[PDB]
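The structure file final.csv is reproduced below (CSV, C-alpha atoms).
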```
chain,number,residue,atom,x,y,z
A,16,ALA,CA,13.4,-21.2,-0.1
A,17,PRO,CA,15.3,-20.9,-2.6
A,18,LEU,CA,18.6,-19.1,-2.0
A,19,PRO,CA,19.1,-17.0,-5.1
A,20,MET,CA,16.2,-15.0,-3.8
A,21,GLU,CA,16.7,-12.1,-1.5
A,22,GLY,CA,14.0,-10.5,0.7
A,23,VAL,CA,13.2,-7.3,-1.2
A,24,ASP,CA,12.0,-4.7,1.2
A,25,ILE,CA,8.5,-3.8,0.1
A,26,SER,CA,7.5,-1.7,3.2
A,27,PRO,CA,6.4,1.6,1.8
A,28,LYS,CA,8.6,3.3,4.4
A,29,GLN,CA,11.5,1.1,3.3
A,30,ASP,CA,12.4,0.4,6.9
A,31,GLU,CA,12.8,-3.3,6.2
A,32,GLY,CA,9.5,-4.0,8.0
A,33,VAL,CA,8.3,-6.4,5.3
A,34,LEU,CA,10.8,-8.5,3.3
A,35,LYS,CA,9.4,-10.4,0.3
A,36,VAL,CA,10.9,-13.3,-1.5
A,37,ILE,CA,8.9,-14.6,-4.5
A,38,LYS,CA,8.8,-18.4,-3.9
A,39,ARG,CA,6.8,-19.2,-7.1
A,40,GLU,CA,6.1,-16.6,-9.9
A,41,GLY,CA,2.5,-16.3,-11.1
A,42,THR,CA,2.2,-17.4,-14.8
A,43,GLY,CA,-0.6,-14.8,-15.0
A,44,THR,CA,-0.8,-11.1,-15.5
A,45,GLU,CA,-3.6,-9.9,-13.3
A,46,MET,CA,-3.0,-8.2,-9.9
A,47,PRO,CA,-5.3,-7.0,-7.0
A,48,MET,CA,-6.2,-3.4,-6.5
A,49,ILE,CA,-7.2,-1.7,-3.3
A,50,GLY,CA,-10.8,-2.5,-2.6
A,51,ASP,CA,-10.8,-6.0,-4.1
A,52,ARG,CA,-12.0,-9.2,-2.5
A,53,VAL,CA,-8.9,-11.4,-2.5
A,54,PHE,CA,-8.7,-15.2,-2.0
A,55,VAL,CA,-5.5,-16.8,-0.6
A,56,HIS,CA,-4.1,-19.8,1.2
A,57,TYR,CA,-1.4,-19.1,3.8
A,58,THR,CA,0.6,-20.6,6.6
A,59,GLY,CA,2.1,-18.5,9.5
A,60,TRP,CA,5.4,-19.1,11.4
A,61,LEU,CA,7.1,-17.6,14.5
A,62,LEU,CA,10.8,-17.1,13.7
A,63,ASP,CA,11.7,-20.2,15.7
A,64,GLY,CA,9.7,-22.4,13.2
A,65,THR,CA,6.5,-22.7,15.2
A,66,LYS,CA,3.5,-22.9,12.8
A,67,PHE,CA,0.8,-20.7,14.5
A,68,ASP,CA,-1.9,-20.9,11.9
A,69,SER,CA,-2.9,-21.9,8.3
A,70,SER,CA,-5.8,-21.5,5.9
A,71,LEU,CA,-4.8,-25.0,4.8
A,76,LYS,CA,-9.7,-20.2,1.0
A,77,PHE,CA,-9.2,-17.3,3.3
A,78,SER,CA,-10.7,-14.1,1.9
A,79,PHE,CA,-10.8,-10.4,2.6
A,80,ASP,CA,-10.9,-6.8,1.2
A,81,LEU,CA,-7.4,-5.6,0.2
A,82,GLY,CA,-6.2,-2.2,1.5
A,83,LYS,CA,-9.0,-1.6,3.9
A,84,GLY,CA,-6.9,-2.2,7.0
A,85,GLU,CA,-8.8,-5.5,7.5
A,86,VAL,CA,-5.8,-7.8,7.8
A,87,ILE,CA,-2.4,-7.4,9.2
A,88,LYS,CA,-0.4,-4.5,7.8
A,89,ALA,CA,2.3,-6.7,6.3
A,90,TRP,CA,-0.6,-8.3,4.4
A,91,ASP,CA,-2.2,-5.2,3.0
A,92,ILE,CA,1.2,-4.3,1.7
A,93,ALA,CA,2.3,-7.7,0.3
A,94,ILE,CA,-0.8,-8.9,-1.4
A,95,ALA,CA,-1.0,-5.7,-3.4
A,96,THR,CA,2.3,-6.9,-5.1
A,97,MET,CA,1.4,-10.5,-6.0
A,98,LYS,CA,0.4,-11.8,-9.5
A,99,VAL,CA,-2.5,-14.3,-9.4
A,100,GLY,CA,-0.9,-17.7,-8.8
A,101,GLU,CA,2.2,-16.3,-7.1
A,102,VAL,CA,3.5,-17.9,-3.9
A,103,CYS,CA,5.7,-15.7,-1.8
A,104,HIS,CA,7.4,-15.5,1.6
A,105,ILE,CA,7.2,-12.3,3.6
A,106,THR,CA,9.1,-11.5,6.8
A,107,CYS,CA,7.1,-9.2,9.0
A,108,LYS,CA,8.5,-7.0,11.9
A,109,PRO,CA,6.2,-6.7,15.0
A,110,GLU,CA,4.7,-3.3,13.9
A,111,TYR,CA,3.5,-4.6,10.5
A,112,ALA,CA,1.8,-7.5,12.3
A,113,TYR,CA,0.7,-8.0,15.9
A,114,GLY,CA,2.7,-5.3,17.6
A,115,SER,CA,3.2,-5.2,21.4
A,116,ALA,CA,-0.2,-6.8,22.1
A,117,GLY,CA,0.6,-10.0,20.3
A,118,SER,CA,-2.1,-12.6,20.0
A,119,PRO,CA,-2.3,-14.7,23.2
A,120,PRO,CA,-1.4,-17.4,23.4
A,121,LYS,CA,-0.1,-18.3,19.9
A,122,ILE,CA,1.8,-15.1,19.2
A,123,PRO,CA,3.9,-13.2,21.8
A,124,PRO,CA,4.3,-9.4,21.9
A,125,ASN,CA,6.8,-8.0,19.4
A,126,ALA,CA,6.9,-11.0,17.1
A,127,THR,CA,8.7,-10.9,13.8
A,128,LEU,CA,6.6,-13.4,11.7
A,129,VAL,CA,6.9,-15.3,8.4
A,130,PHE,CA,4.1,-16.0,6.0
A,131,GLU,CA,3.8,-18.1,2.9
A,132,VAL,CA,0.9,-16.7,0.9
A,133,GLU,CA,-0.3,-18.0,-2.4
A,134,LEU,CA,-2.6,-15.7,-4.4
A,135,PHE,CA,-5.5,-17.6,-6.0
A,136,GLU,CA,-7.9,-15.0,-7.1
A,137,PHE,CA,-9.6,-11.7,-6.5
A,138,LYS,CA,-12.8,-10.1,-7.6
A,139,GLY,CA,-13.3,-6.4,-8.3
A,140,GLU,CA,-14.8,-4.0,-5.9
B,16,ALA,CA,5.1,6.3,-21.2
B,17,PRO,CA,6.0,9.0,-18.5
B,18,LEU,CA,9.2,11.1,-19.1
B,19,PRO,CA,11.7,11.0,-16.2
B,20,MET,CA,10.2,14.2,-14.8
B,21,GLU,CA,6.8,12.6,-13.9
B,22,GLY,CA,8.7,10.7,-11.2
B,23,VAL,CA,9.0,7.2,-9.9
B,24,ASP,CA,6.4,4.5,-10.2
B,25,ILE,CA,5.5,3.8,-6.6
B,26,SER,CA,2.4,1.7,-7.5
B,27,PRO,CA,2.6,-1.7,-5.9
B,28,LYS,CA,1.5,-3.2,-9.3
B,29,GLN,CA,4.5,-1.4,-10.8
B,30,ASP,CA,2.0,-0.5,-13.6
B,31,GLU,CA,2.9,3.2,-13.6
B,32,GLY,CA,-0.4,4.2,-12.0
B,33,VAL,CA,1.3,6.5,-9.4
B,34,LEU,CA,4.3,8.5,-10.4
B,35,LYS,CA,5.8,10.4,-7.5
B,36,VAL,CA,8.2,13.3,-7.8
B,37,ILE,CA,9.8,14.5,-4.5
B,38,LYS,CA,9.8,18.3,-4.5
B,39,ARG,CA,11.0,18.8,-0.9
B,40,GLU,CA,12.8,16.2,1.2
B,41,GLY,CA,11.2,15.7,4.5
B,42,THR,CA,13.4,16.4,7.5
B,43,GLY,CA,11.4,14.4,10.0
B,44,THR,CA,12.4,11.0,11.2
B,45,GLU,CA,9.1,9.3,11.2
B,46,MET,CA,6.7,8.3,8.4
B,47,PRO,CA,3.1,7.2,8.7
B,48,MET,CA,1.9,3.7,9.1
B,49,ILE,CA,-1.3,2.1,7.9
B,50,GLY,CA,-4.2,3.1,10.2
B,51,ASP,CA,-2.5,6.3,11.5
B,52,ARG,CA,-4.3,9.6,11.1
B,53,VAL,CA,-2.5,12.0,8.7
B,54,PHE,CA,-2.9,15.8,8.1
B,55,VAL,CA,-2.0,17.1,4.7
B,56,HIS,CA,-2.3,20.0,2.4
B,57,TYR,CA,-3.1,19.2,-1.2
B,58,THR,CA,-3.9,20.7,-4.6
B,59,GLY,CA,-5.2,18.7,-7.5
B,60,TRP,CA,-5.0,19.5,-11.2
B,61,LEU,CA,-6.3,17.7,-14.3
B,62,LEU,CA,-3.3,17.0,-16.7
B,63,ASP,CA,-4.4,20.1,-18.7
B,64,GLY,CA,-3.5,22.6,-16.0
B,65,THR,CA,-7.1,22.7,-14.6
B,66,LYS,CA,-7.1,23.0,-10.9
B,67,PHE,CA,-10.2,21.1,-9.7
B,68,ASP,CA,-9.6,21.2,-6.0
B,69,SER,CA,-7.2,22.5,-3.4
B,70,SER,CA,-7.1,22.5,0.4
B,71,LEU,CA,-5.4,25.9,0.5
B,76,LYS,CA,-5.7,21.0,6.7
B,77,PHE,CA,-7.1,17.7,5.3
B,78,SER,CA,-7.3,14.8,7.7
B,79,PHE,CA,-8.0,11.0,7.3
B,80,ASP,CA,-6.7,7.6,8.5
B,81,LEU,CA,-4.2,6.1,6.1
B,82,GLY,CA,-4.6,2.8,4.3
B,83,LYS,CA,-8.3,2.4,4.8
B,84,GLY,CA,-9.7,3.5,1.5
B,85,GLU,CA,-11.0,6.9,2.9
B,86,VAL,CA,-9.3,8.8,0.0
B,87,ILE,CA,-8.4,8.0,-3.6
B,88,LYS,CA,-6.2,4.9,-3.9
B,89,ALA,CA,-3.3,7.0,-5.2
B,90,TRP,CA,-3.3,8.8,-1.8
B,91,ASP,CA,-3.2,5.8,0.3
B,92,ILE,CA,-0.3,4.6,-1.9
B,93,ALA,CA,1.7,7.9,-2.0
B,94,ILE,CA,1.3,9.1,1.5
B,95,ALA,CA,2.4,5.7,2.9
B,96,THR,CA,5.8,6.7,1.4
B,97,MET,CA,6.2,10.2,2.7
B,98,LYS,CA,8.2,11.8,5.5
B,99,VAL,CA,6.9,14.6,7.6
B,100,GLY,CA,7.8,17.9,6.1
B,101,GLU,CA,8.0,16.3,2.7
B,102,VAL,CA,6.2,17.9,-0.3
B,103,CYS,CA,5.5,15.7,-3.3
B,104,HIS,CA,3.8,15.5,-6.7
B,105,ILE,CA,1.7,12.5,-7.6
B,106,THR,CA,0.7,11.7,-11.0
B,107,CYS,CA,-2.2,9.1,-11.1
B,108,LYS,CA,-4.0,7.0,-13.6
B,109,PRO,CA,-7.8,7.0,-13.7
B,110,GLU,CA,-7.9,3.7,-12.0
B,111,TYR,CA,-5.8,4.9,-9.0
B,112,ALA,CA,-8.1,7.9,-9.1
B,113,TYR,CA,-11.7,8.3,-10.5
B,114,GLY,CA,-11.8,5.7,-13.2
B,115,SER,CA,-14.5,5.6,-15.9
B,116,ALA,CA,-17.1,7.6,-13.9
B,117,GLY,CA,-15.0,10.6,-13.1
B,118,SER,CA,-16.6,13.2,-10.8
B,119,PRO,CA,-18.9,15.4,-13.0
B,120,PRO,CA,-18.7,18.2,-13.8
B,121,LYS,CA,-15.0,18.9,-13.0
B,122,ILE,CA,-13.3,15.5,-13.5
B,123,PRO,CA,-14.0,13.7,-16.8
B,124,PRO,CA,-14.0,9.9,-17.4
B,125,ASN,CA,-10.6,8.3,-17.3
B,126,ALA,CA,-8.8,11.4,-16.2
B,127,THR,CA,-5.1,11.1,-15.3
B,128,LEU,CA,-4.7,13.4,-12.3
B,129,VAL,CA,-1.8,15.4,-10.7
B,130,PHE,CA,-1.5,16.2,-7.0
B,131,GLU,CA,0.9,18.2,-5.0
B,132,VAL,CA,0.9,16.8,-1.4
B,133,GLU,CA,2.6,18.0,1.8
B,134,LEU,CA,2.6,15.8,4.9
B,135,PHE,CA,2.5,18.1,8.0
B,136,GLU,CA,2.1,15.3,10.6
B,137,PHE,CA,0.3,12.2,11.7
B,138,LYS,CA,-1.0,10.8,14.9
B,139,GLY,CA,-0.1,7.6,16.5
B,140,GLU,CA,-3.4,5.8,16.7
```

Can you give me the file's structure in the form of structure tokens?
Amino acid sequence: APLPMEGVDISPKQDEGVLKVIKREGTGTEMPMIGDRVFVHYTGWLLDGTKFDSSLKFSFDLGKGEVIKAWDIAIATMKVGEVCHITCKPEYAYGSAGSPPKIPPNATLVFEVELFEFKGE
Amino acid sequence: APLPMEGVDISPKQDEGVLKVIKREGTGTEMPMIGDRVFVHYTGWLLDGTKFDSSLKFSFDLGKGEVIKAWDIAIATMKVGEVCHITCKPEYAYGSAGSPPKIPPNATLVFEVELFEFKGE
């Protein structure tokens, strides 16, 4: 959703570990910095379409290693109000331990994240 | 606005806060991941040529906010053996406060970084 959009690889290593497709552009200008408390709503899918979780705010500290790796990397690239879809390889998410019983080991996952707000360190 | 020689904006906000120039291509086949422990050698200079600090190994876990933001951002993109030059905006560095007496308020900093290795974790 929607086809003209191609997953841009945002993994800092550029190993295609995190492909982002902006679903809805933010109309704002502000963006999160490492250390900020961010507020988002999300939904998580297994590649086969199984919805494993959903804030439907969820909040956390950006760039502290507090959330999934794919998350620390993606949210640092969203405008407030932006909705995006990120495709996460196992190692940027749950790895080989998975999350019983909802997420198997070595699961490539897909997240729809909407950035609502953030507040400075 | 940086001249081509200051390097490429690798700041996830694409706001030019972290301009990286690759001075020696890494030969390794692995790159660090968030949470891994990295060992580096660095030297930092204020824009005016002033050397304020130099590790001539420095060690920390990547992506946890244990070092200046520009370092979690830059190092996440390096190969082992790679030597780079980061150019960072106060806000990806020491901001308004600075670090008296050597680093003034709102100082744009330049670092030479060499990644020697990193541990799995």

From A:36, A:132, A:81, A:122, residue lying nearest chain B [only C-alpha atoms]: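 The answer is A:81, which sits nearest to chain B.
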
List as a PyMOL selection string the protein and nucleic acid residues near residue 93 of chain A, meaning an atom at most 10 Å away when only C-alpha atoms are counted, but skip any in the same chain fewer than 4 places from it. (chain A and resi 25-26+33-35+81+88-89+97+103-105+132) or (chain B and resi 27)

Could you tell me which residues of chain B sit within 7 Å of chain A when counting all atoms listed in the file, and give me the result as a short mmCIF file (atom, residue, chain, number, x, y, z; two decimals) with C-alpha atoms, in the coordinates of the input?
```
data_model
loop_
_atom_site.label_atom_id
_atom_site.label_comp_id
_atom_site.auth_asym_id
_atom_site.auth_seq_id
_atom_site.Cartn_x
_atom_site.Cartn_y
_atom_site.Cartn_z
CA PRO B 27 2.60 -1.70 -5.90
CA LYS B 28 1.50 -3.20 -9.30
CA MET B 46 6.70 8.30 8.40
CA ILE B 49 -1.30 2.10 7.90
CA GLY B 50 -4.20 3.10 10.20
CA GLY B 82 -4.60 2.80 4.30
CA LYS B 83 -8.30 2.40 4.80
CA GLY B 84 -9.70 3.50 1.50
CA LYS B 88 -6.20 4.90 -3.90
CA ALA B 95 2.40 5.70 2.90
CA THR B 96 5.80 6.70 1.40
#
```

Exercise: residue 115 of chain B partners within 12 Å, all atoms listed in the file, chain neighbours under 5 positions left out, as a list in words: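 The residues satisfying every condition are residues 108, 109, 110, 122, 123, 124, 125, 126 and 127 of chain B.
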
Which polymer residues, protein or nucleic acid, are no farther than 9 Å from (-1.5, 15.0, 13.7), counting only C-alpha atoms, as a list in words? residues 52, 53, 54, 78, 135, 136, 137, 138 and 139 of chain B

Using the atoms already present, construct N, CA and C atoms for segment 44-65 of chain B and hand them back as a short mmCIF file (atom, residue, chain, number, x, y, z; two decimals), in the coordinates of the input.
```cif
data_model
loop_
_atom_site.label_atom_id
_atom_site.label_comp_id
_atom_site.auth_asym_id
_atom_site.auth_seq_id
_atom_site.Cartn_x
_atom_site.Cartn_y
_atom_site.Cartn_z
N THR B 44 11.83 12.27 11.07
CA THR B 44 12.40 11.00 11.20
C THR B 44 11.42 9.85 11.27
N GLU B 45 10.15 10.23 11.21
CA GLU B 45 9.10 9.30 11.20
C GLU B 45 8.22 9.46 9.98
N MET B 46 7.55 8.37 9.61
CA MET B 46 6.70 8.30 8.40
C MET B 46 5.48 7.60 8.93
N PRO B 47 4.34 7.86 8.32
CA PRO B 47 3.10 7.20 8.70
C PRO B 47 3.01 5.72 8.45
N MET B 48 2.15 5.08 9.24
CA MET B 48 1.90 3.70 9.10
C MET B 48 0.38 3.53 8.92
N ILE B 49 0.02 2.49 8.20
CA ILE B 49 -1.30 2.10 7.90
C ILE B 49 -2.18 2.33 9.12
N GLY B 50 -3.38 2.92 9.00
CA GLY B 50 -4.20 3.10 10.20
C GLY B 50 -3.94 4.39 11.01
N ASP B 51 -2.79 5.07 10.81
CA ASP B 51 -2.50 6.30 11.50
C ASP B 51 -3.29 7.46 10.89
N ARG B 52 -3.62 8.46 11.69
CA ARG B 52 -4.30 9.60 11.10
C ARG B 52 -3.29 10.66 10.56
N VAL B 53 -3.40 11.00 9.27
CA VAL B 53 -2.50 12.00 8.70
C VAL B 53 -3.19 13.36 8.36
N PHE B 54 -2.39 14.44 8.46
CA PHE B 54 -2.90 15.80 8.10
C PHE B 54 -2.04 16.23 6.90
N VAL B 55 -2.70 16.70 5.86
CA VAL B 55 -2.00 17.10 4.70
C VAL B 55 -2.54 18.34 4.12
N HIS B 56 -1.81 18.94 3.17
CA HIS B 56 -2.30 20.00 2.40
C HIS B 56 -2.23 19.59 0.97
N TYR B 57 -3.30 19.65 0.19
CA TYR B 57 -3.10 19.20 -1.20
C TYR B 57 -3.75 20.16 -2.17
N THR B 58 -3.36 20.00 -3.44
CA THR B 58 -3.90 20.70 -4.60
C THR B 58 -4.01 19.67 -5.68
N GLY B 59 -5.10 19.63 -6.44
CA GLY B 59 -5.20 18.70 -7.50
C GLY B 59 -5.50 19.38 -8.84
N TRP B 60 -4.86 18.95 -9.91
CA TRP B 60 -5.00 19.50 -11.20
C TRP B 60 -5.30 18.44 -12.24
N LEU B 61 -6.09 18.70 -13.28
CA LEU B 61 -6.30 17.70 -14.30
C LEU B 61 -4.95 17.80 -15.09
N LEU B 62 -4.61 16.88 -16.00
CA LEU B 62 -3.30 17.00 -16.70
C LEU B 62 -3.25 18.38 -17.42
N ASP B 63 -4.38 18.88 -17.94
CA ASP B 63 -4.40 20.10 -18.70
C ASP B 63 -4.10 21.42 -17.97
N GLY B 64 -3.71 21.35 -16.71
CA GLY B 64 -3.50 22.60 -16.00
C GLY B 64 -4.68 22.96 -15.12
N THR B 65 -5.85 22.38 -15.39
CA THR B 65 -7.10 22.70 -14.60
C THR B 65 -6.99 22.34 -13.17
#
```
